[PDB]
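For reference, the structure discussed in these notes is given below.
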Amino acid sequence: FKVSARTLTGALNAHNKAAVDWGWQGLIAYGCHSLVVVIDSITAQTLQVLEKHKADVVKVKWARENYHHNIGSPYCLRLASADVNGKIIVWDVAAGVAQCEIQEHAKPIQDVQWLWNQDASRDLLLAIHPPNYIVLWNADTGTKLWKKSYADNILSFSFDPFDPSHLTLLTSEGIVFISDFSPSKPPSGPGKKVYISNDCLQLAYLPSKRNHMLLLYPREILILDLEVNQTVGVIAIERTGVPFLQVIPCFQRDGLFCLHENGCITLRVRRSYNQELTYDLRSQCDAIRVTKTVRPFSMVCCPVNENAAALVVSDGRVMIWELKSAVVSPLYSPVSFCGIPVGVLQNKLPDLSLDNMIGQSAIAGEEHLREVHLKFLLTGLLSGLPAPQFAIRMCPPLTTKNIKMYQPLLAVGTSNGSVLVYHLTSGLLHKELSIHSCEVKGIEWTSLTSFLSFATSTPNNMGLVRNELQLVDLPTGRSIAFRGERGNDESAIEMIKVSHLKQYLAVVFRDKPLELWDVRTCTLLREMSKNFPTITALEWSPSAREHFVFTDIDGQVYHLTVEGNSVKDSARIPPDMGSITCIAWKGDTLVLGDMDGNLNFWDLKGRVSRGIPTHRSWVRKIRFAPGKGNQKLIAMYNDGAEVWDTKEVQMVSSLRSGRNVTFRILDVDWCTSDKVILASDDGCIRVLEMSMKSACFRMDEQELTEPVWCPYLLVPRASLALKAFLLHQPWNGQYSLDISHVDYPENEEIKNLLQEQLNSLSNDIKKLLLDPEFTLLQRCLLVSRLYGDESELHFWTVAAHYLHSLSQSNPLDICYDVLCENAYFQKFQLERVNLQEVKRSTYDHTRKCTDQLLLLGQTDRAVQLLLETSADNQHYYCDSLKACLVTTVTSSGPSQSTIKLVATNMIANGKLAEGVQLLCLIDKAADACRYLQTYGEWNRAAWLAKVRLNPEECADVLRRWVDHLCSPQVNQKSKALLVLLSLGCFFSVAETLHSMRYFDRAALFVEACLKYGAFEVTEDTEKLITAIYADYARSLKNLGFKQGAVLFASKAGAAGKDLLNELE
């Protein structure tokens, strides 16, 4: 029965309103009063608690994982936190030790967020320093990069998911836009500022629609369009409804998660089946009770599957919700499962992720099917310690007569009237029972499965107080009265004592004589007479003759003996210095505590006293350490606790509040012979060592009732090996998920760790893995989903979709933009320009709408819009001439040389937009795209090539864009890879993947292409395949996995013979 040091959390504080985050690793972290707690959602149990901050935690943000993982960059957990004092700590949650400290000024940190662009460096952090300072930090060495100051009060900021160089700020005046964000130089100027026409609640971008963001209001939700700076969608609640509190967008599908003031969560999905954007409510949960002391703070959602939500409320309760599908605007099931379409006889898992529950986006009012209904279910619940002022007690110490059934139980009393039972080994709450109707004053144990507790009611105008005494047996939970029915007119009870052998019991009142009881018989034995000294302290003798001693208000020490019903007196002691408030007895030493702060070390062997003043204020309670020959006591004062020694008088360690520790001590106890338990005033219970020195709790040595699936807790050499084992499932004929069938010469401990990690997977995941018809692409997608990585998650979906499309409507979702088809993109652009045209307001918008329509191909509706300029505007002649020209220039065969010359001259002189517009207007978009690319506007050129142009001319433009994206001054290789995959050039993708030392993603891509028939093994393409196979085999050999290494070396051919010469 080993006990490890640990801490237990309770209620939350007002400063922890927005301290919670759900990262891609699958763990949820929230901020306690001064601690960070990491919990799991699948099993709902606490895993690791971090305690180093000296102030309240205000922000917790998980790290981003958008980079290739290898030996140099293995899978690790990284956390960042901020406090009120203005300190930022970078955490490595595997042992409890920090890696970086950042502090500037003495003001609270208002916003912390990582950078998603990790192509070059993955240790960049941006934080806001009040009042107008923004600093970009480094998470590796804590070195400042640049500092920029503004002339406003920045509240929050968000990053553009599509353009890394775009950043926006929310100020008390308006919104500030930055378009020159870079880690090398600070922003040039203040940027473009606009004024909204103060009480905004949230500002975030929309990851589903480009150039879209939302503004949160208590009664309204606004969708804003960037290129027109106009509202295109309003989400409003009914007249009698609950105001909004928070909103969280989604990426896989166009949806929003909304949190209300009453604790309700609603899901809204964009309408696509039967002018402004409309979001229809789909699912709703059940509201929780709202009280002046209990209120929800904020909610989080899973960023990987977007099918689970977590809610945090003030009292420490965590609720986990799940979204389920079953078979207003209708919704239909997806066509492709795990990246590829499936039939009607294969196993399916619609609840695996959100994208597998509903279909892709569509335009309402267009000609086109199983209905899908979504509902919310509560499957998790976590509870913590109640309000402060606990009352704790420890189980009887472990002797050699009860080793078989000993269990280290802990009893904690609260003001609600309930008693909490803990285990202290696994850390889980064992039992919770409601006993009393008022605050519990004391808890004492009578056996290993029973204890006693008492409570008092509110005194009246005279002083008489109702007394309650209940005996509780833990396995059954029964509660019965001990004294009986004594009425509600009696004096209160100060203290109760149970003898060492659990035989007798004493009850002490304010002005009532002492009473002696029997635990087994539950009958009275003897009641003291009226002429009895007042009781101020009492203690038994841990030595059926049992002895107990007590003192009076004067100071005289009285020693009495008990044997059955007869009670006699032993001896007397001369008075000795003020009034005694606590007595402790063990062995032959007796210790007395006084008001002034003096401890008299009386020893009943030589009649000698040793008074050692503590120079403190007042002594509350003292208790000795369990165990024979263990002469140690802990003394509780009004400012802290101290550990002493009764053999040699010398203080061992001290803990003073305000000088050494930041919190107070409300109760002390003895867990084991070498550990102590301290109760804090903030609602925390800590188990510390001899010196009460804070330790670093490590997740490696921790016993858990239920295994937790987390590859990040394993060694770097194990996660990659497990990934390789899972990817190539068909080992040596049969299918199995145990290590002991494949050749893998490593130590037994890591093998057992891998086996227990595998055994914690869900039944449906295991069944999907054990499917002969589950193709390699689906396996790769499932592995990417399980590991929580984003790079492969984005790569494999697009790769599989394009491979299946080219091998042979199911279109790609619009969340990829330039990675979609021409017609699907063109339809969305037409819808967007129609929305823009609907809500034109002034002359500064009609011109822009006409310009957009003149490049989207609409020629008939642009002439009519042009013929509307007023007769007083100075541009009437220009607009009329342009309209007439557009009407008469519909011929493209003859008389086009001079028009092209004029366009080229206008482009050369500086006017580029007009020249490009005219060139696209007459007969040519490729030349306009070339000129746009020459001047550095790559995004508009790519958009133009996607809208117009045949799929034979856009290929060259996109290849040039990819080549530009590969420049060392940009470092955007992932986007170039995605565009190359969209272009259907698999050989170039494989070559550039091999050039970037991606030894696994290239081999998997080659295998997938060979299976799907993209390129054959000819006399020219065999060298690259052989080199990739040899490199992957070497990489697998470097990890200790010999089976995959030899399997790939066999297929390598003539470049793997040397590797096989040393493998075997």
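Labels for the structure tokens follow display order: chains A, B, ..., residues from 1 in each chain, ligands from 1.
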
Could the residues of segment 204-257 of chain A that have an atom at most 9 Å from segment 266-289 of chain A be listed as JSON lines, each with its closest atom pair and the distance in Å to one decimal, counting only C-alpha atoms and ordered by chain and ascending residue number?
{"residue": "A:223", "atom": "CA", "partner": "A:277", "partner_atom": "CA", "distance": 8.5}
{"residue": "A:232", "atom": "CA", "partner": "A:276", "partner_atom": "CA", "distance": 5.9}
{"residue": "A:233", "atom": "CA", "partner": "A:277", "partner_atom": "CA", "distance": 4.9}
{"residue": "A:234", "atom": "CA", "partner": "A:277", "partner_atom": "CA", "distance": 7.5}
{"residue": "A:235", "atom": "CA", "partner": "A:279", "partner_atom": "CA", "distance": 7.1}
{"residue": "A:253", "atom": "CA", "partner": "A:269", "partner_atom": "CA", "distance": 8.2}
{"residue": "A:254", "atom": "CA", "partner": "A:270", "partner_atom": "CA", "distance": 6.1}
{"residue": "A:255", "atom": "CA", "partner": "A:269", "partner_atom": "CA", "distance": 4.6}
{"residue": "A:256", "atom": "CA", "partner": "A:268", "partner_atom": "CA", "distance": 5.5}
{"residue": "A:257", "atom": "CA", "partner": "A:267", "partner_atom": "CA", "distance": 5.0}

Quick one: everything within 10 Å of segment 120-122 of chain A, counting only C-alpha atoms, minus sequence neighbours fewer than 4 positions away in the same chain. Send it as a PDB file with C-alpha atoms, in the first residue's frame.
ATOM      1  CA  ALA A  63       0.741  23.983 -28.527  1.00  0.00           C
ATOM      2  CA  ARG A  64       0.068  23.590 -32.248  1.00  0.00           C
ATOM      3  CA  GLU A  65       1.220  20.555 -34.252  1.00  0.00           C
ATOM      4  CA  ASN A  66       1.512  21.370 -37.973  1.00  0.00           C
ATOM      5  CA  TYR A  67       4.932  19.929 -38.803  1.00  0.00           C
ATOM      6  CA  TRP A 114       0.532  30.388 -30.638  1.00  0.00           C
ATOM      7  CA  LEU A 115       1.355  30.695 -34.340  1.00  0.00           C
ATOM      8  CA  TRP A 116       0.006  28.071 -36.736  1.00  0.00           C
ATOM      9  CA  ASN A 138      10.363  32.591 -28.570  1.00  0.00           C
ATOM     10  CA  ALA A 139       9.311  29.418 -26.754  1.00  0.00           C
ATOM     11  CA  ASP A 140      12.754  27.776 -27.008  1.00  0.00           C
ATOM     12  CA  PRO A 183       8.636  37.223 -37.637  1.00  0.00           C
ATOM     13  CA  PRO A 968      13.466  30.247 -49.395  1.00  0.00           C
ATOM     14  CA  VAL A 970       8.461  32.238 -48.335  1.00  0.00           C
ATOM     15  CA  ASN A 971       8.801  28.703 -46.885  1.00  0.00           C
ATOM     16  CA  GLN A 972       5.292  27.475 -47.744  1.00  0.00           C
TER      17      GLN A 972
END

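Nearest to residue 573 of chain A of all the residues A:194, A:722, A:481, A:604 is A:604, based on only C-alpha atoms.
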
(request) Using DSSP on the backbone coordinates, identify all residues within segment 767-816 of chain A classified as alpha helix (DSSP H); present the result as a ChimeraX atom specification. (result) /A:767-769,776-787,791-807

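The nearest approach to residue 32 of chain A among the residues A:55, A:884, A:661, A:472, with only C-alpha atoms taken into account, belongs to A:55.
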
(message) List as a PyMOL selection string the protein and nucleic acid residues near residue 456 of chain A, meaning an atom at most 8 Å away when only C-alpha atoms are counted, but skip any in the same chain fewer than 2 places from it.
(response) chain A and resi 438-441+454+458+465-468+492-493

(request) Point out the residue among A:888, A:691, A:68, A:747 with the least atom-to-atom distance to residue 993 of chain A, counting only C-alpha atoms. (result) A:68

(request) Write out as a list in words each polymer residue whose atoms come within 12 Å of residue 531 of chain A, counting only C-alpha atoms; drop sequence neighbours fewer than 6 positions from it. (result) residues 511, 512, 513 and 514 of chain A

Need the shell around residue 1001 of chain A: protein/DNA/RNA residues with any atom at most 10 Å away, counting only C-alpha atoms. Skip same-chain ones fewer than 2 positions apart. Format as a compact mmCIF listing (two decimals) with N, CA and C atoms, in the first residue's frame?
# COMPACT_ATOMS: atom_id res chain seq x y z
N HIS A 68 6.15 18.04 -39.68
CA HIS A 68 6.53 16.64 -39.79
C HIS A 68 7.19 16.16 -38.51
N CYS A 780 -4.45 5.08 -43.18
CA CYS A 780 -3.62 6.25 -42.96
C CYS A 780 -4.43 7.40 -42.37
N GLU A 792 -0.55 15.51 -41.83
CA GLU A 792 -1.02 14.33 -42.54
C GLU A 792 -2.54 14.34 -42.68
N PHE A 795 -3.07 16.44 -45.65
CA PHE A 795 -2.46 15.87 -46.85
C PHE A 795 -3.26 14.69 -47.38
N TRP A 796 -3.60 13.74 -46.49
CA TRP A 796 -4.14 12.46 -46.93
C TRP A 796 -5.55 12.58 -47.49
N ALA A 990 5.89 13.00 -55.55
CA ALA A 990 6.76 11.99 -54.96
C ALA A 990 8.22 12.44 -54.97
N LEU A 993 8.67 15.12 -52.35
CA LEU A 993 8.57 14.53 -51.02
C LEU A 993 9.84 13.77 -50.65
N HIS A 994 10.43 13.05 -51.61
CA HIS A 994 11.72 12.42 -51.39
C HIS A 994 12.84 13.44 -51.20
N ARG A 997 13.20 14.75 -47.50
CA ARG A 997 13.51 13.76 -46.46
C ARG A 997 12.26 13.34 -45.68
N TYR A 998 11.18 13.10 -46.41
CA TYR A 998 9.95 12.53 -45.85
C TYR A 998 9.91 11.07 -46.29
N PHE A 999 10.54 10.20 -45.49
CA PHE A 999 10.77 8.82 -45.89
C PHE A 999 9.55 7.93 -45.75
N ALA A 1003 6.88 6.93 -49.26
CA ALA A 1003 6.68 5.51 -49.50
C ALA A 1003 5.20 5.15 -49.53
N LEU A 1004 4.42 5.70 -48.58
CA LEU A 1004 2.99 5.45 -48.57
C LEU A 1004 2.32 6.01 -49.82
N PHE A 1005 2.73 7.20 -50.25
CA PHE A 1005 2.18 7.79 -51.47
C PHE A 1005 2.52 6.93 -52.69
N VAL A 1006 3.75 6.42 -52.77
CA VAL A 1006 4.14 5.57 -53.88
C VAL A 1006 3.31 4.29 -53.89
N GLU A 1007 3.12 3.68 -52.72
CA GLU A 1007 2.31 2.47 -52.65
C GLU A 1007 0.87 2.74 -53.06
N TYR A 1032 13.23 4.36 -46.71
CA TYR A 1032 12.24 3.99 -45.70
C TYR A 1032 12.68 2.76 -44.92

(request) Give me every strand (DSSP E) residue in segment 227-289 of chain A, going by DSSP on the backbone, as an MDAnalysis selection string. (result) chainID A and resid 230:236 244:249 255:260 265:270 279:284

(request) Excluding residue 259 of chain A and residues on its chain fewer than 2 positions from it, collect all residues at most 7 Å away from it, counting only C-alpha atoms, and give them as an MDAnalysis selection string. (result) chainID A and resid 244:247 257 261 263:266

(message) Using only C-alpha atoms, which protein or nucleic acid residues come within 10 Å of residue 243 of chain A? Drop anything in the same chain fewer than 3 positions from it, and give the result as number ranges by chain.
(response) A: 217-220, 236-238, 240, 246, 259-262
